[PDB]
Amino acid sequence: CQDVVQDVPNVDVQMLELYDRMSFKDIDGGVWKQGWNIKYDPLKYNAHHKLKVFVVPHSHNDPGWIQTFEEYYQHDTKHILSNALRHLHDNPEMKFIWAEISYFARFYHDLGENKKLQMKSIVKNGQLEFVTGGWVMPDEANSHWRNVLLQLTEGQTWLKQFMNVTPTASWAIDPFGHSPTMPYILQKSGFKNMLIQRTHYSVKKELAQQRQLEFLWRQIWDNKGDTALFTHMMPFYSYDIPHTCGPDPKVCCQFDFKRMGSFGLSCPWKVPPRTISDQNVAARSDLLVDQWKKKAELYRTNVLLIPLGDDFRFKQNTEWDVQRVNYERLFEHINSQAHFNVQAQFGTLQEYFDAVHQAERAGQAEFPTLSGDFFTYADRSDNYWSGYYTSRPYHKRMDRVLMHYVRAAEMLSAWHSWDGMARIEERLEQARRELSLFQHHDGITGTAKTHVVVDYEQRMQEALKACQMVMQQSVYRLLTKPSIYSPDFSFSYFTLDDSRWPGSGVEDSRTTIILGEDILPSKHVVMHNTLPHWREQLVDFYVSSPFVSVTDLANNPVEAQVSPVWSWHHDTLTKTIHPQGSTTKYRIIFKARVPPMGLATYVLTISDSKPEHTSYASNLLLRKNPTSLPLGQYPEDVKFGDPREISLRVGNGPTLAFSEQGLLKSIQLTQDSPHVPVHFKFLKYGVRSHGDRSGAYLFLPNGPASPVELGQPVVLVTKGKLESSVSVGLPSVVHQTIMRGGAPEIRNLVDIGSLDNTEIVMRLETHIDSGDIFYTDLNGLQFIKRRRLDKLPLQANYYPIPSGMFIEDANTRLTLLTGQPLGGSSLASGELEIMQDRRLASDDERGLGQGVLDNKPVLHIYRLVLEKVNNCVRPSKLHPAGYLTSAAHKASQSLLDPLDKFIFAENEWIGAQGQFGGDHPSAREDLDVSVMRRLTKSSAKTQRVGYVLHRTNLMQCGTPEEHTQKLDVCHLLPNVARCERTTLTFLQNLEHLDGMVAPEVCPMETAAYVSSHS
Ligand SMILES: N=C(Cc1ccccc1)N[C@H]1S[C@H](CO)[C@@H](O)[C@H](O)[C@@H]1O
Ligand SMILES: *[C@H]1O[C@H](CO)[C@@H](O)[C@H](O)[C@H]1NC(C)=O
Ligand SMILES: [Zn+2]
């Protein structure tokens, strides 16, 4: 196993180092506005060394953006694919590449058998080639690597089954900035090459000058280079035709033959394309070949890639003709004019890469090695695309909730083979596809029009319902005596109870467990733990009485705590934000203990008075001018007081001190230690009154954030033996700090309401001497070192915070983990900040044509971990990566993959069992079974189950942590007959395993295994 901490990789280009060096001046470079006037030596190419040019036709089809997926499919995409089939069928030499499988699959299933066969034929023969092959071309900033793999697998599994092909080349021309998580997953999925386009204009300029636009992209911690994937970065401002034939768009635009007038398009540089004829072909070729040779100077081989396409292109047959015919005339002339020393033709993306590597093997070029990422992107001047790291935060949070439910549903149902009737495969496929669709770079990014965001949301809602159905049928089967099990596949044996989604204050959707001497004395609840280690976690349920006690199924008492059900109300009358307690519903809380990848059943029973093992929390409302807060049968009266500082300590954990406004001010780790200053503060960013305006994509602040005026907010303090919390009703946010004995959980109920042109940021102020360094994660997969650069505007120092960020000095670290991707930064030494929501009245000129005014209440969740790191073995100062501690990592898992909760629906559960999975191995803490998925339907004689295993890397800080068992996923199901290591999509077997044992993986590695069962 490679050491991912102690050996700083040696690479030709390290992006953090490059950023430290670059000056980022935005000067007018001439026709290539962001470059320079490229010059070349005419004699470079000759009879014995020609420039091979591949023109690659393509059509960018957004699975939703300005229209919904189905609207674009009906108005554009089905015609584009229908005409592509006809045109490629009839013109053997024409080529075309396709990226979005969601659309292709929608199209193909609608084709008649005759057409499906013609389609398979132009794919089989090389004319139509799939690039990447994912359900979509995903966002790379907000997406979790697990969902990037999910969508890739969804498109590629469809391609293998119906087109009998698996792309090995990736095409990512539109995500706003690029992540090394992509080559990470692709290289482990059989890929050999990839292409990216949206990187900072200064980076393009810099790498172009060094001919470093093509590179072997390895992971920041990879000393050996085995994770390397060949990458081609496009050099210009756009992938449209004007910015793909060469440096001068005024000239390239003349070679987009769709812009002559009848299609309603034209060249903004004021020179239109002209039909190619025998009289102008030599002059037109002179111009085109000169652009081609200029572009060729930016790369190292004599093989040139010329993409030919734009959004939803190649729709009309007349379009196919006008582009194909004119280019064929150009090629016939150019290829027969020896003096150009050029051989040009239509080609696919794989063709370009194969030729490039043949040049490389001929000793024609050596390529530089590179590590780092390509965030934050700016397409021009100070227009940095850091706004979309936060846009439509409700759906960014929904993404993570669905991410988990998909995993839990696939895992819970994978244990058994199911009758087709049960519609398990059916519900799982819909759930994977709706979550996969949302990975699109206009889905999770929050950059779609309002009615499209609504479409993604309704699709995810149906996916959530599908997961619940599969999960609850699975639990009923796993915990019912087999000879008693009698399933009705349409019936709801259990209801899922989710405490954080939509969240209290967002939607009253949780059911109350109604108990009573005259109706029902008790109720069974069951917890699922998708993680492969034993886990304890507090769980809560709403109950109709405070007099409830918990027992496990052996009837052992379980200590519990009852607290009121508090809801906050913006009182339109008194003009204050204050809480009201329920007099009919109460929260019962207790610690559940659950086997690795297993289930644990508990029973809640009512009594007519206080149960021996249930305690009741005290509640204290701090505000001036209080009114009574009756709590029905709740046994402890609410206390009142004037606002004042408060301190709280649950169990042995930290002691937290809060200001009189209910905000954290210090954290004391142990009884003796100092009260470390850690202050939460909420501020607001505005929008510029003159100049470029912030929108769904761009963050263009009118300077540093300004403190929000808090007034004297109402603060609610609840103190219990198992859980305590402090909640304050701020304007736009009900901020809650919850304590259970470890690092606190922070929840923000964010309702930016009608505050126009405002971005609300949550900031942490500490005295940690972090200087200009901070760390953020990439796709929930790895943490990369960031360096605040004062030479760049504030918005450029904002980065995606898909799951966590931290700052540290020699002794102390503060880590903030998230349950949703948001944008954030560390704008001053000792600080961390993360945007909560943004509401913008203006469009930011990137084509969306609207501002962001569809905000809705969202419940953001976090874990805040303060730790001493002076004893931790950390990477050297020159290493570009950072790593979590065991506590920070478990905290992230508590947010992303919590215990699932199920409430039995009927009065009596006959045949109920107390636990499932007690014999599953409890793996080492840094290992996770990211995916468990049965890959065969019940009619398959040989059943197959796929597993994706990921091992993260945690810092060694002196905690002995031992006694765990080896996890061999191939033996989790009985009767194993074979075990294979496969690509991460499960589509190709890479290794037949001895003894049918799946070895565990190395730190930061991810492997897939498929076990076969007789
Ligand atoms: N990039 C194009 C092609 C193009 C459009 C206009 C001018 C030049 C080239 N289109 C992008 S632009 C848009 C962000 O601005 C993005 O969210 C959307 O998914 C799309 O496909
Ligand atoms: C696709 O599968 C393999 C891959 O090459 C080969 O038999 C041939 O190309 C195709 N045959 C089919 C339809 O399986
Ligand atoms: Zn796009």
# chains A, B, ... in the order shown; residues from 1 in each chain; ligands from 1
$ residues_near_ligand --ligand "ligand 3" --cutoff "12 Å" --atoms "only C-alpha atoms and all ligand atoms" --output "ChimeraX atom specification"
/A:59-66,99-100,136-139,171-176,197-198,238-240,310-312,439-443,445,447-448,846-848
$ write_last_selection --atoms "N, CA, C and O atoms" --output "compact mmCIF listing (two decimals), in the first residue's frame"
# COMPACT_ATOMS: atom_id res chain seq x y z
N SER A 59 -23.16 17.37 -30.05
CA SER A 59 -24.35 18.14 -29.77
C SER A 59 -24.51 18.09 -28.25
O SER A 59 -24.67 17.01 -27.67
N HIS A 60 -24.44 19.26 -27.60
CA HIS A 60 -24.55 19.32 -26.13
C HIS A 60 -26.03 19.34 -25.75
O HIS A 60 -26.79 20.31 -26.03
N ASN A 61 -26.46 18.27 -25.09
CA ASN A 61 -27.90 18.14 -24.73
C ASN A 61 -28.09 18.15 -23.20
O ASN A 61 -27.86 17.14 -22.55
N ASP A 62 -28.50 19.28 -22.66
CA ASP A 62 -28.67 19.39 -21.22
C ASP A 62 -29.91 18.60 -20.76
O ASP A 62 -30.98 18.80 -21.31
N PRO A 63 -29.75 17.65 -19.81
CA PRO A 63 -30.91 16.88 -19.32
C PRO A 63 -31.65 17.83 -18.35
O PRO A 63 -31.74 17.60 -17.13
N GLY A 64 -32.14 18.94 -18.94
CA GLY A 64 -32.84 19.95 -18.19
C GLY A 64 -31.95 21.15 -17.97
O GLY A 64 -30.74 20.98 -17.71
N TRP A 65 -32.54 22.35 -18.12
CA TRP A 65 -31.83 23.59 -17.87
C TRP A 65 -32.89 24.73 -18.02
O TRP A 65 -33.45 25.15 -17.03
N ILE A 66 -33.14 25.17 -19.26
CA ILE A 66 -34.16 26.20 -19.62
C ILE A 66 -35.49 25.54 -19.82
O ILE A 66 -36.50 26.18 -19.62
N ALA A 99 -22.92 12.07 -25.48
CA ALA A 99 -22.54 12.02 -24.03
C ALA A 99 -23.63 11.60 -23.03
O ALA A 99 -23.39 10.82 -22.11
N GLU A 100 -24.83 12.16 -23.20
CA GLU A 100 -25.93 11.97 -22.23
C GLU A 100 -26.79 10.74 -22.44
O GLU A 100 -27.71 10.75 -23.26
N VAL A 136 -25.70 11.36 -17.21
CA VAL A 136 -25.57 12.81 -17.52
C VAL A 136 -24.07 13.13 -17.62
O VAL A 136 -23.24 12.21 -17.58
N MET A 137 -23.76 14.42 -17.72
CA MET A 137 -22.35 14.94 -17.73
C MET A 137 -22.49 15.69 -16.41
O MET A 137 -23.00 16.84 -16.35
N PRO A 138 -22.07 15.05 -15.32
CA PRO A 138 -22.25 15.73 -14.04
C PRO A 138 -21.49 16.96 -13.62
O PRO A 138 -20.41 17.22 -14.07
N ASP A 139 -22.13 17.68 -12.70
CA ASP A 139 -21.50 18.77 -12.00
C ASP A 139 -20.33 18.08 -11.30
O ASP A 139 -20.48 16.93 -10.86
N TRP A 171 -15.81 12.87 -21.89
CA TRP A 171 -16.03 14.15 -22.52
C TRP A 171 -16.79 15.03 -21.55
O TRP A 171 -18.00 14.82 -21.32
N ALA A 172 -16.10 16.00 -20.97
CA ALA A 172 -16.77 16.88 -20.02
C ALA A 172 -16.56 18.33 -20.41
O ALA A 172 -15.71 19.03 -19.88
N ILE A 173 -17.39 18.78 -21.34
CA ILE A 173 -17.21 20.12 -21.87
C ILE A 173 -17.93 21.25 -21.18
O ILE A 173 -17.70 22.39 -21.54
N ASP A 174 -18.80 20.95 -20.21
CA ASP A 174 -19.55 22.03 -19.59
C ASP A 174 -19.58 22.22 -18.06
O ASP A 174 -20.04 23.28 -17.63
N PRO A 175 -19.17 21.22 -17.24
CA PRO A 175 -19.23 21.52 -15.77
C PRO A 175 -18.39 22.78 -15.48
O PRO A 175 -17.34 23.03 -16.14
N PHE A 176 -18.81 23.55 -14.47
CA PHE A 176 -18.18 24.84 -14.19
C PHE A 176 -16.94 24.66 -13.30
O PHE A 176 -17.00 24.96 -12.12
N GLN A 197 -13.05 21.24 -20.27
CA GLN A 197 -13.06 22.54 -20.98
C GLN A 197 -13.11 23.78 -20.03
O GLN A 197 -12.35 24.73 -20.21
N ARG A 198 -14.01 23.77 -19.04
CA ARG A 198 -14.13 24.99 -18.24
C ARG A 198 -13.13 25.15 -17.13
O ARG A 198 -13.37 24.72 -16.01
N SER A 238 -14.79 28.82 -25.07
CA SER A 238 -16.04 28.07 -25.19
C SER A 238 -15.82 26.82 -26.03
O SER A 238 -14.75 26.69 -26.68
N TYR A 239 -16.79 25.89 -26.01
CA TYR A 239 -16.71 24.72 -26.87
C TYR A 239 -17.58 24.96 -28.12
O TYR A 239 -17.73 24.05 -28.94
N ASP A 240 -18.15 26.15 -28.28
CA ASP A 240 -18.95 26.36 -29.50
C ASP A 240 -18.00 26.41 -30.75
O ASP A 240 -16.75 26.46 -30.60
N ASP A 310 -22.36 22.52 -30.68
CA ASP A 310 -22.84 23.54 -29.76
C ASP A 310 -24.10 22.94 -29.12
O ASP A 310 -24.41 21.78 -29.35
N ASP A 311 -24.85 23.73 -28.39
CA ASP A 311 -26.02 23.21 -27.69
C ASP A 311 -27.12 22.78 -28.62
O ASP A 311 -27.56 23.57 -29.48
N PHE A 312 -27.59 21.55 -28.39
CA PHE A 312 -28.69 20.94 -29.13
C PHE A 312 -28.55 21.12 -30.66
O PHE A 312 -29.53 21.37 -31.38
N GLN A 439 -27.66 14.77 -10.90
CA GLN A 439 -26.24 15.06 -10.88
C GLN A 439 -25.81 15.98 -12.04
O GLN A 439 -24.69 16.46 -12.07
N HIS A 440 -26.70 16.17 -13.01
CA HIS A 440 -26.45 17.03 -14.17
C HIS A 440 -25.86 18.37 -13.69
O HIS A 440 -26.18 18.84 -12.58
N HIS A 441 -25.06 19.01 -14.54
CA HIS A 441 -24.44 20.28 -14.18
C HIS A 441 -25.44 21.49 -14.19
O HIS A 441 -25.02 22.61 -14.02
N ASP A 442 -26.75 21.24 -14.37
CA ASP A 442 -27.72 22.32 -14.14
C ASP A 442 -28.76 21.83 -13.10
O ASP A 442 -29.75 22.49 -12.88
N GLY A 443 -28.52 20.67 -12.50
CA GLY A 443 -29.44 20.10 -11.50
C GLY A 443 -28.97 20.50 -10.12
O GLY A 443 -29.35 21.52 -9.62
N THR A 445 -26.43 21.89 -9.20
CA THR A 445 -25.79 23.19 -9.24
C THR A 445 -26.79 24.31 -8.94
O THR A 445 -26.37 25.42 -8.64
N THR A 447 -28.66 25.75 -11.11
CA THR A 447 -28.63 26.73 -12.20
C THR A 447 -29.76 26.56 -13.25
O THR A 447 -29.65 27.09 -14.39
N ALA A 448 -30.84 25.86 -12.89
CA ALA A 448 -31.98 25.69 -13.84
C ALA A 448 -33.11 26.71 -13.63
O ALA A 448 -33.18 27.39 -12.62
N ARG A 846 -25.57 34.32 -18.10
CA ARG A 846 -24.97 33.06 -18.56
C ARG A 846 -26.06 32.23 -19.26
O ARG A 846 -25.96 31.00 -19.41
N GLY A 847 -27.15 32.89 -19.63
CA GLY A 847 -28.20 32.18 -20.34
C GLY A 847 -29.40 31.65 -19.54
O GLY A 847 -30.44 31.25 -20.15
N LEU A 848 -29.33 31.69 -18.22
CA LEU A 848 -30.46 31.20 -17.42
C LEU A 848 -31.69 32.15 -17.57
O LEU A 848 -32.86 31.69 -17.54
$ residues_around --residues "residue 510 in chain A" --least-positions-apart "3" --cutoff "12 Å" --atoms "only C-alpha atoms" --output "list in words"
residues 495, 496, 497, 498, 499, 500, 501, 502, 503, 504, 505, 506, 507, 513, 540, 541, 542, 543, 565, 585, 587, 901, 902 and 903 of chain A
$ select_by_dssp --residues "range 878-949 of chain A" --states "strand (DSSP E or B)" --output "PyMOL selection string"
chain A and resi 881-882+900-904+912+915-916+927-934+943-949
$ residues_near_ligand --ligand "ligand 2" --cutoff "12 Å" --atoms "only C-alpha atoms and all ligand atoms" --output "JSON, numbers by chain"
{"A": [117, 120, 121, 123, 124, 125, 126, 159, 160, 161, 162, 163, 164, 165, 166, 988]}
$ write_last_selection --atoms "N, CA and C atoms" --output "PDB file, in the first residue's frame"
ATOM      1  N   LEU A 117     -31.963  -1.656 -34.768  1.00  0.00           N
ATOM      2  CA  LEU A 117     -30.916  -2.414 -35.436  1.00  0.00           C
ATOM      3  C   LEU A 117     -30.030  -1.479 -36.278  1.00  0.00           C
ATOM      4  N   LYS A 120     -27.751   0.174 -33.677  1.00  0.00           N
ATOM      5  CA  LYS A 120     -26.665  -0.689 -33.207  1.00  0.00           C
ATOM      6  C   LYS A 120     -25.587  -0.822 -34.255  1.00  0.00           C
ATOM      7  N   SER A 121     -25.996  -0.786 -35.514  1.00  0.00           N
ATOM      8  CA  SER A 121     -25.032  -0.887 -36.591  1.00  0.00           C
ATOM      9  C   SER A 121     -24.104   0.349 -36.742  1.00  0.00           C
ATOM     10  N   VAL A 123     -23.274   2.233 -34.406  1.00  0.00           N
ATOM     11  CA  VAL A 123     -22.434   2.295 -33.195  1.00  0.00           C
ATOM     12  C   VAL A 123     -21.344   1.225 -33.369  1.00  0.00           C
ATOM     13  N   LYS A 124     -21.771   0.025 -33.742  1.00  0.00           N
ATOM     14  CA  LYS A 124     -20.840  -1.073 -33.962  1.00  0.00           C
ATOM     15  C   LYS A 124     -19.754  -0.693 -34.984  1.00  0.00           C
ATOM     16  N   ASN A 125     -20.137  -0.006 -36.058  1.00  0.00           N
ATOM     17  CA  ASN A 125     -19.190   0.404 -37.096  1.00  0.00           C
ATOM     18  C   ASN A 125     -18.340   1.689 -36.801  1.00  0.00           C
ATOM     19  N   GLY A 126     -18.520   2.352 -35.649  1.00  0.00           N
ATOM     20  CA  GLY A 126     -17.663   3.496 -35.322  1.00  0.00           C
ATOM     21  C   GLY A 126     -18.137   4.897 -35.698  1.00  0.00           C
ATOM     22  N   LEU A 159     -25.577   1.084 -21.614  1.00  0.00           N
ATOM     23  CA  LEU A 159     -24.844   0.955 -22.872  1.00  0.00           C
ATOM     24  C   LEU A 159     -24.366  -0.485 -23.100  1.00  0.00           C
ATOM     25  N   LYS A 160     -23.826  -1.109 -22.067  1.00  0.00           N
ATOM     26  CA  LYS A 160     -23.356  -2.480 -22.246  1.00  0.00           C
ATOM     27  C   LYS A 160     -24.496  -3.411 -22.675  1.00  0.00           C
ATOM     28  N   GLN A 161     -25.610  -3.318 -21.981  1.00  0.00           N
ATOM     29  CA  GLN A 161     -26.725  -4.170 -22.278  1.00  0.00           C
ATOM     30  C   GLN A 161     -27.317  -3.955 -23.666  1.00  0.00           C
ATOM     31  N   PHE A 162     -27.560  -2.702 -24.045  1.00  0.00           N
ATOM     32  CA  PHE A 162     -28.191  -2.470 -25.316  1.00  0.00           C
ATOM     33  C   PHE A 162     -27.351  -2.093 -26.519  1.00  0.00           C
ATOM     34  N   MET A 163     -26.152  -1.558 -26.299  1.00  0.00           N
ATOM     35  CA  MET A 163     -25.304  -1.124 -27.422  1.00  0.00           C
ATOM     36  C   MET A 163     -24.033  -1.958 -27.433  1.00  0.00           C
ATOM     37  N   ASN A 164     -23.848  -2.794 -26.394  1.00  0.00           N
ATOM     38  CA  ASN A 164     -22.665  -3.639 -26.334  1.00  0.00           C
ATOM     39  C   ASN A 164     -21.327  -2.863 -26.438  1.00  0.00           C
ATOM     40  N   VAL A 165     -21.235  -1.741 -25.744  1.00  0.00           N
ATOM     41  CA  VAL A 165     -20.016  -0.915 -25.758  1.00  0.00           C
ATOM     42  C   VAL A 165     -19.850  -0.258 -24.384  1.00  0.00           C
ATOM     43  N   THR A 166     -18.603  -0.014 -24.012  1.00  0.00           N
ATOM     44  CA  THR A 166     -18.237   0.657 -22.772  1.00  0.00           C
ATOM     45  C   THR A 166     -17.181   1.728 -23.136  1.00  0.00           C
ATOM     46  N   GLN A 988     -16.734  -4.934 -15.863  1.00  0.00           N
ATOM     47  CA  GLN A 988     -15.664  -5.761 -16.348  1.00  0.00           C
ATOM     48  C   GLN A 988     -14.928  -6.486 -15.188  1.00  0.00           C
TER      49      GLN A 988
END
$ closest_residue --among "A:88, A:296, A:698, A:325" --to "ligand 1" --atoms "only C-alpha atoms and all ligand atoms"
A:698
$ residues_around --residues "residue 351 in chain A" --least-positions-apart "5" --cutoff "10 Å" --atoms "only C-alpha atoms" --output "ChimeraX atom specification"
/A:54,56,126,129,169,305,346,356
$ closest_residue --among "A:452, A:15, A:717, A:957" --to "residue 872 in chain A" --atoms "only C-alpha atoms"
A:957
$ atom_distance --atom1 "CA of residue 529 in chain A" --atom2 "CA of residue 951 in chain A"
18.0 Å
$ residues_around --residues "residue 941 in chain A" --least-positions-apart "5" --cutoff "12 Å" --atoms "only C-alpha atoms" --output "list in words"
residues 417, 936, 977, 1012, 1013 and 1014 of chain A
$ write_last_selection --atoms "C-alpha atoms" --output "PDB file, in the first residue's frame"
ATOM      1  CA  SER A 417     -33.581 -12.388  -4.167  1.00  0.00           C
ATOM      2  CA  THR A 936     -29.227 -10.271 -10.885  1.00  0.00           C
ATOM      3  CA  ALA A 977     -19.061 -19.980  -5.747  1.00  0.00           C
ATOM      4  CA  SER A1012     -21.483 -15.165  -7.349  1.00  0.00           C
ATOM      5  CA  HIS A1013     -23.792 -17.546  -5.496  1.00  0.00           C
ATOM      6  CA  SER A1014     -25.095 -20.919  -6.395  1.00  0.00           C
TER       7      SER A1014
END
$ closest_residue --among "A:716, A:550, A:900, A:52" --to "residue 353 in chain A" --atoms "only C-alpha atoms"
A:52
$ decode --residues "range 53-77 of chain A" --atoms "N, CA and C atoms" --output "PDB file, in the first residue's frame"
ATOM      1  N   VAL A  53      -5.863  16.053 -38.744  1.00  0.00           N
ATOM      2  CA  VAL A  53      -6.885  16.847 -38.087  1.00  0.00           C
ATOM      3  C   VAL A  53      -8.164  16.043 -37.995  1.00  0.00           C
ATOM      4  N   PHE A  54      -8.684  15.913 -36.772  1.00  0.00           N
ATOM      5  CA  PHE A  54      -9.952  15.234 -36.554  1.00  0.00           C
ATOM      6  C   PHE A  54     -11.046  16.239 -36.159  1.00  0.00           C
ATOM      7  N   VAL A  55     -12.048  16.391 -37.017  1.00  0.00           N
ATOM      8  CA  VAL A  55     -13.213  17.258 -36.778  1.00  0.00           C
ATOM      9  C   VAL A  55     -14.257  16.322 -36.178  1.00  0.00           C
ATOM     10  N   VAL A  56     -14.640  16.626 -34.942  1.00  0.00           N
ATOM     11  CA  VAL A  56     -15.531  15.744 -34.200  1.00  0.00           C
ATOM     12  C   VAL A  56     -16.883  16.415 -33.968  1.00  0.00           C
ATOM     13  N   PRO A  57     -17.881  16.033 -34.749  1.00  0.00           N
ATOM     14  CA  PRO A  57     -19.233  16.602 -34.615  1.00  0.00           C
ATOM     15  C   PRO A  57     -19.844  16.187 -33.268  1.00  0.00           C
ATOM     16  N   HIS A  58     -20.572  17.105 -32.632  1.00  0.00           N
ATOM     17  CA  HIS A  58     -21.180  16.795 -31.321  1.00  0.00           C
ATOM     18  C   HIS A  58     -22.355  17.718 -31.060  1.00  0.00           C
ATOM     19  N   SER A  59     -23.158  17.373 -30.049  1.00  0.00           N
ATOM     20  CA  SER A  59     -24.347  18.143 -29.775  1.00  0.00           C
ATOM     21  C   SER A  59     -24.515  18.094 -28.246  1.00  0.00           C
ATOM     22  N   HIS A  60     -24.442  19.255 -27.602  1.00  0.00           N
ATOM     23  CA  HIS A  60     -24.553  19.323 -26.125  1.00  0.00           C
ATOM     24  C   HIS A  60     -26.032  19.340 -25.747  1.00  0.00           C
ATOM     25  N   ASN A  61     -26.463  18.266 -25.090  1.00  0.00           N
ATOM     26  CA  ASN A  61     -27.900  18.136 -24.730  1.00  0.00           C
ATOM     27  C   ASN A  61     -28.088  18.147 -23.203  1.00  0.00           C
ATOM     28  N   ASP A  62     -28.500  19.279 -22.662  1.00  0.00           N
ATOM     29  CA  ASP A  62     -28.665  19.394 -21.217  1.00  0.00           C
ATOM     30  C   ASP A  62     -29.905  18.601 -20.759  1.00  0.00           C
ATOM     31  N   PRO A  63     -29.748  17.648 -19.812  1.00  0.00           N
ATOM     32  CA  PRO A  63     -30.910  16.883 -19.319  1.00  0.00           C
ATOM     33  C   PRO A  63     -31.654  17.829 -18.346  1.00  0.00           C
ATOM     34  N   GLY A  64     -32.136  18.938 -18.936  1.00  0.00           N
ATOM     35  CA  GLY A  64     -32.838  19.949 -18.188  1.00  0.00           C
ATOM     36  C   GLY A  64     -31.949  21.145 -17.973  1.00  0.00           C
ATOM     37  N   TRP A  65     -32.537  22.347 -18.125  1.00  0.00           N
ATOM     38  CA  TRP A  65     -31.832  23.587 -17.872  1.00  0.00           C
ATOM     39  C   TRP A  65     -32.893  24.725 -18.023  1.00  0.00           C
ATOM     40  N   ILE A  66     -33.144  25.168 -19.260  1.00  0.00           N
ATOM     41  CA  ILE A  66     -34.160  26.204 -19.616  1.00  0.00           C
ATOM     42  C   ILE A  66     -35.491  25.543 -19.825  1.00  0.00           C
ATOM     43  N   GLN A  67     -35.478  24.263 -20.213  1.00  0.00           N
ATOM     44  CA  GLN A  67     -36.684  23.452 -20.351  1.00  0.00           C
ATOM     45  C   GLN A  67     -36.414  22.215 -19.460  1.00  0.00           C
ATOM     46  N   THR A  68     -37.444  21.438 -19.150  1.00  0.00           N
ATOM     47  CA  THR A  68     -37.239  20.204 -18.393  1.00  0.00           C
ATOM     48  C   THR A  68     -36.694  19.140 -19.337  1.00  0.00           C
ATOM     49  N   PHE A  69     -36.201  18.059 -18.763  1.00  0.00           N
ATOM     50  CA  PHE A  69     -35.725  16.925 -19.552  1.00  0.00           C
ATOM     51  C   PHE A  69     -36.745  16.515 -20.631  1.00  0.00           C
ATOM     52  N   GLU A  70     -38.009  16.280 -20.246  1.00  0.00           N
ATOM     53  CA  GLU A  70     -38.995  15.826 -21.219  1.00  0.00           C
ATOM     54  C   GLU A  70     -39.347  16.870 -22.275  1.00  0.00           C
ATOM     55  N   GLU A  71     -39.337  18.147 -21.889  1.00  0.00           N
ATOM     56  CA  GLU A  71     -39.594  19.237 -22.863  1.00  0.00           C
ATOM     57  C   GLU A  71     -38.444  19.282 -23.920  1.00  0.00           C
ATOM     58  N   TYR A  72     -37.200  19.206 -23.453  1.00  0.00           N
ATOM     59  CA  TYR A  72     -36.109  19.234 -24.416  1.00  0.00           C
ATOM     60  C   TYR A  72     -36.183  17.934 -25.233  1.00  0.00           C
ATOM     61  N   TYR A  73     -36.491  16.822 -24.579  1.00  0.00           N
ATOM     62  CA  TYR A  73     -36.511  15.603 -25.373  1.00  0.00           C
ATOM     63  C   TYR A  73     -37.567  15.721 -26.503  1.00  0.00           C
ATOM     64  N   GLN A  74     -38.734  16.271 -26.179  1.00  0.00           N
ATOM     65  CA  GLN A  74     -39.771  16.376 -27.210  1.00  0.00           C
ATOM     66  C   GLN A  74     -39.492  17.420 -28.265  1.00  0.00           C
ATOM     67  N   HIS A  75     -38.999  18.577 -27.860  1.00  0.00           N
ATOM     68  CA  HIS A  75     -38.776  19.656 -28.818  1.00  0.00           C
ATOM     69  C   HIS A  75     -37.457  19.549 -29.565  1.00  0.00           C
ATOM     70  N   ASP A  76     -36.458  18.872 -28.984  1.00  0.00           N
ATOM     71  CA  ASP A  76     -35.142  18.850 -29.645  1.00  0.00           C
ATOM     72  C   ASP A  76     -34.408  17.552 -29.798  1.00  0.00           C
ATOM     73  N   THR A  77     -34.106  16.941 -28.648  1.00  0.00           N
ATOM     74  CA  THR A  77     -33.307  15.732 -28.616  1.00  0.00           C
ATOM     75  C   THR A  77     -33.822  14.553 -29.410  1.00  0.00           C
TER      76      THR A  77
END
